[PDB]
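[1] So I pulled this structure from the PDB, and the sequence comes with it:
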Protein chains: 2
Amino acid sequence: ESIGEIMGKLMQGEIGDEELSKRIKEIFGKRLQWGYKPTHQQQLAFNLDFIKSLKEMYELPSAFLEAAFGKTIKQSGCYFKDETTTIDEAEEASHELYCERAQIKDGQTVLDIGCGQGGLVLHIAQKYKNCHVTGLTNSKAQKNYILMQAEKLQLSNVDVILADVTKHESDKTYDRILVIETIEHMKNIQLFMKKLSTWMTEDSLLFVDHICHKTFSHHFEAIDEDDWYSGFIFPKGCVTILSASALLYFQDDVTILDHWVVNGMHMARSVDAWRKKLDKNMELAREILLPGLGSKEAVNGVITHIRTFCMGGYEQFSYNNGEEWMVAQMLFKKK
Amino acid sequence: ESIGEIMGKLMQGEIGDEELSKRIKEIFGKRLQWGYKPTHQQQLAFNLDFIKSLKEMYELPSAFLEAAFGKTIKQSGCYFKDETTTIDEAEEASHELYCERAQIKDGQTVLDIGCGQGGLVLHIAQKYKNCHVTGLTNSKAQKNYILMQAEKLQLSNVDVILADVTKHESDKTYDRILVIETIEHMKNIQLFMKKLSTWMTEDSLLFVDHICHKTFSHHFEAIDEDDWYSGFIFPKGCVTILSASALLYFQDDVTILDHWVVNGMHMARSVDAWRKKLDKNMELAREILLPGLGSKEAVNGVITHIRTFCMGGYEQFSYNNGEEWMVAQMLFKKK
Ligand SMILES: Nc1ncnc2c1ncn2[C@@H]1O[C@H](CSCC[C@H](N)C(=O)O)[C@@H](O)[C@H]1O
Ligand SMILES: Nc1ncnc2c1ncn2[C@@H]1O[C@H](CSCC[C@H](N)C(=O)O)[C@@H](O)[C@H]1O
Ligand SMILES: COc1cc2c(cc1O)cc1c3c(cc(O)c(OC)c32)CCN1C
Ligand SMILES: COc1cc2c(cc1O)cc1c3c(cc(O)c(OC)c32)CCN1C
């Protein structure tokens, strides 16, 4: 059976969830076989080859996002204390975790790089009224959404920079720089970390959170010709999954102070919550999307893409009870 | 059975090798249980706690050493291509490995920190006649031994600094700094790496080789009250076994370029060769030591200490076919 065949059935909703999960799990299983080496000697050779290679290198309506994601439309792994923790509670808990680990204090200047729909920006601005908080995003729609929310919440300490971070030039420095699930999209990491360091003083801290594998790094791309999934989710070679330790080798310009991971079940529960919420609001979602997309068929295509992303993410992050793919966090100071 | 009881039998040669190996293997097994955590989250918490803690902190006659060790009296893990590779061949192969990985080139100034009996110093000086090679050791006997060997080998490009490296002050810089199995003895690693960086220019490289565990760090000390071994081998708290990645968190002053490990079977074969050679030359060894030690009993004590070190090292490094304790190597440049 070809890719086209599987893709055809998928788009027609003719693959049941059980089979879909099974198929995607197997694709990730093959990635694990690709990434694990028989000896630590070989593991490090493999990992260093990857690190060396790095050193050489339409928008959805907000009503739809509100129908699929949690309250602040967080698009990153959340943190679930309990089995019954809601996605809204999990977003808040993860915002609080970042504030704790990045050592946020009232009065600081804070920059959130690739801030998305600005959940973290709004959380810090509300919690710490004397902080000034800047979000940076390359999306005009996201900028507009954040500014509207800040206005509704009576927050006067928020601004948003609309920029491609890789092109942004500024002399401005910040007490705290946060990068939540943006670094996976960065084509040139050494240059990225260097740029960030120029926006820090000797008193600043940099906090990065990124999806990872605990042992090895990989580009998010087809493992072989039987992998219909990877390229469906990201039709471009634009996402890298760093190992949990990969950024330790990018200390040219910043110096590590602390290092954590969060078990993958938290991310698994995040994507599960999104999937279930989308499913609950399926009819509403289809109504919202129809104007901007033009046909029920294009609508179905967008929904299938997002739903499959969640189904696949579930298998990826829940693999071996969260002990394969997970979330890495690091705290750095400037050199 | 108490420590005293086991120690008594050991000193009397009443513990057979099979039982001795079994006992020491069990001690290391308990260390593995202590060091491995159930989740990567917990593993990193454990490892970072260790790294944070670090950031707060009679000579044997040469004739005896010649009778127990290989030709250049290398006192570090060697490299064995084949089952029949001799200790002399393995010393040379490991010297060549260091030259390759540290990117030694003719004409460079080279500093070997804690150079021991100077095998590496003499190897580089002979292979690269336009290099100047300096060994640094805190032992006057080692300095004297190296200078004698340099004279016998018609080497004119060797000097030796007699110094405690932690106290040595100099404005001199070197193209290459090598640290082979010395860092395990360094009480203040952050300060050590900082000092090394002051002896480098922008063109220099620093190569470190250290005994490690692939996953976690530990002080070499009694795991519990049943551990007679650890404190027998090092009666002081003076040896730390860093994890294979521990030095990645010490890039305040230097920046990593490359990272390897060498499987533990090489070290296992090294200590095995020493043990077998000592055993072969047992009578001669006892004759050599008697003058300086004063009695057959003191002689037996020194021999038992060294032989047990080799027997225990065998169990440590061969554990799980070399995939627990092993040798880590890193290459760095100056910040
Ligand atoms: N070059 C670039 N400049 C700015 N933002 C970018 C970027 N490349 C990607 N991004 C944005 O980075 C974000 C990563 S998704 C995470 C969003 C937010 N930090 C959250 O946790 O919810 C996306 O919004 C993506 O579009
Ligand atoms: N503070 C210090 N200053 C200088 N040398 C030291 C030192 N602490 C330990 N050493 C020496 O460092 C050496 C580590 S043993 C390894 C010796 C040599 N590099 C080899 O590979 O054979 C020992 O000689 C030890 O006595
Ligand atoms: C679950 O695994 C991944 C998830 C995401 C990703 C890469 C992943 O591996 C990058 C995507 C993305 C988005 C929203 C979102 O909610 C996401 O889930 C966290 C992701 C929006 C677009 N870009 C940033
Ligand atoms: C095998 O495991 C270890 C070995 C050694 C060590 C710590 C170890 O864990 C430190 C000792 C030491 C010595 C000679 C020698 O040949 C050694 O074997 C490599 C060691 C001399 C004294 N100091 C440096």
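    Nice, thanks for sending it over. Residues are numbered from 1 along each chain as shown, chains lettered A, B, ... in the order given. Ligands and ions are numbered 1, 2, ... in the order given.

[2] OK, now which residue of the stretch 51-200 of chain A is nearest to chain B?
    residue A:52 (8.2 Å; Cβ to the nearest Cβ). (C-beta placed from N, C-alpha, C; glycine too.)

[3] quick one: that residue is in a helix?
    Yes - the assignment for residue A:52 (DSSP: H, G, I helix; E, B strand; the rest coil) places it in a helix.

[4] ok, it - how many residues close by?
    By other Cβ atoms under 10 Å in any protein chain shown, 12 other residues sit near residue A:52.

[5] And it, how close does it get to residue B:258?
    Distance, residue A:52 to residue B:258, using Cβ to Cβ, to the nearest Å: 8 Å.

[6] Same check on residue A:286?
    53 Å.

[7] what's downstream of the helix or strand harbouring residue A:41, the next helix or strand?
    Assigning secondary structure by DSSP states H and E places residue A:41 in helix A:40-54. Sequence-wise, the next helix or strand downstream of helix A:40-54 (DSSP H and E) is helix A:62-68.

[8] Give the other helices and strands that that following helix contacts.
    Counting contacts by 3 or more Cβ pairs under 8 Å, 6 or more residues apart in numbering or on different chains; DSSP states H and E, helix A:62-68 packs against helix A:265-280, helix A:282-293.

[9] going on from that helix, what's the next piece of helix or strand?
    Trace forward from helix A:62-68 with DSSP H and E and the next one is helix A:87-101.

[10] report the longest helix in chain A, please.
    helix A:296-318 (DSSP state H).

[11] distance between it and the chain's centre?
    How far helix A:296-318 lies from its chain's middle: 15 Å, per Cα atoms, centre = their mean, to the nearest Å.

[12] Could you list every helix and strand in contact with it?
    helix A:3-11, helix A:17-35, helix A:229-233, helix A:265-280, helix A:282-293, strand A:325-334.

[13] again, 10 Å this time
    Judged by 3 or more Cβ pairs under 10 Å, 6 or more residues apart in numbering or on different chains; DSSP states H and E, helix A:296-318 is in contact with helix A:3-11, helix A:17-35, helix A:62-68, strand A:205-213, helix A:229-233, helix A:265-280, helix A:282-293, strand A:325-334.

[14] need the contact list for residue A:330.
    A:101, A:179, A:183, A:206-210, A:244-248, A:250-251, A:254, A:256-261 (Cβ atoms under 10 Å, 6 or more residues apart in numbering or on different chains).

[15] If we use 6 Å, what do you get?
    A:208, A:247, A:259 (Cβ atoms under 6 Å, 6 or more residues apart in numbering or on different chains).

[16] Setting aside sequence neighbours, what's the nearest residue to residue A:20?
    residue A:311 (5.6 Å; Cβ to Cβ, 6 or more residues apart in numbering or on different chains).

[17] State the distance from that neighbour to ligand 3.
    Applying Cβ to the nearest ligand atom, to the nearest Å, the value for residue A:311 to ligand 3 is 11 Å.

[18] cool, and residue A:179?
    For residue A:179 relative to ligand 3 (Cβ to the nearest ligand atom), the value is 12 Å.

[19] If I follow the layout properly, that residue ends up in contact with residue A:115?
    No - the pair residue A:179 and residue A:115 does not pass the contact test of Cβ atoms under 6 Å, sitting 9.7 Å apart.

[20] Among those two, which residue is more densely surrounded?
    Higher neighbour count among residue A:179 and residue A:115: residue A:115, with 26 against 23, using other Cβ under 10 Å.

[21] Run through the residues that contact the spatially closest residue to the more buried one that is not a sequence neighbour.
    In this structure, residue A:115 finds its nearest non-sequential neighbour in residue A:135, 3.3 Å apart by Cβ to Cβ, 6+ apart. Residue A:135 is in contact with A:112, A:115, A:118, A:121, A:146, A:160, counting by Cβ under 6 Å, 6+ apart.

[22] does ligand 1 sit close to the helix or strand harbouring residue A:135?
    Assigned by DSSP H and E, residue A:135 belongs to strand A:132-137. Yes - using Cβ under 6 Å from any ligand atom, strand A:132-137 reaches ligand 1 at residue A:137.

[23] by contact count, what packs against the next helix or strand after that strand?
    Sequence-wise, the next helix or strand downstream of strand A:132-137 (DSSP H and E) is helix A:140-152. Applying 3 or more Cβ pairs under 6 Å, 6 or more residues apart in numbering or on different chains; DSSP states H and E, we find helix A:140-152 packed against strand A:158-162.

[24] And for the strand it packs on, what's in contact with it?
    In contact with strand A:158-162 (Cβ under 6 Å, 6+ apart) are residues A:125, A:133, A:134, A:135, A:136, A:140, A:143, A:146, A:150.

[25] Could you export the contacts of residue A:330 to JSON lines, including columns for neighbour count and distance to residue A:290?
    Converted to JSON lines, those look like this (neighbours: other Cβ atoms under 10 Å in any protein chain shown; distance: Cβ to Cβ, whole Å):
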{"residue": "A:208", "neighbour count": "25", "distance to residue A:290": "38"}
{"residue": "A:247", "neighbour count": "24", "distance to residue A:290": "42"}
{"residue": "A:259", "neighbour count": "22", "distance to residue A:290": "46"}
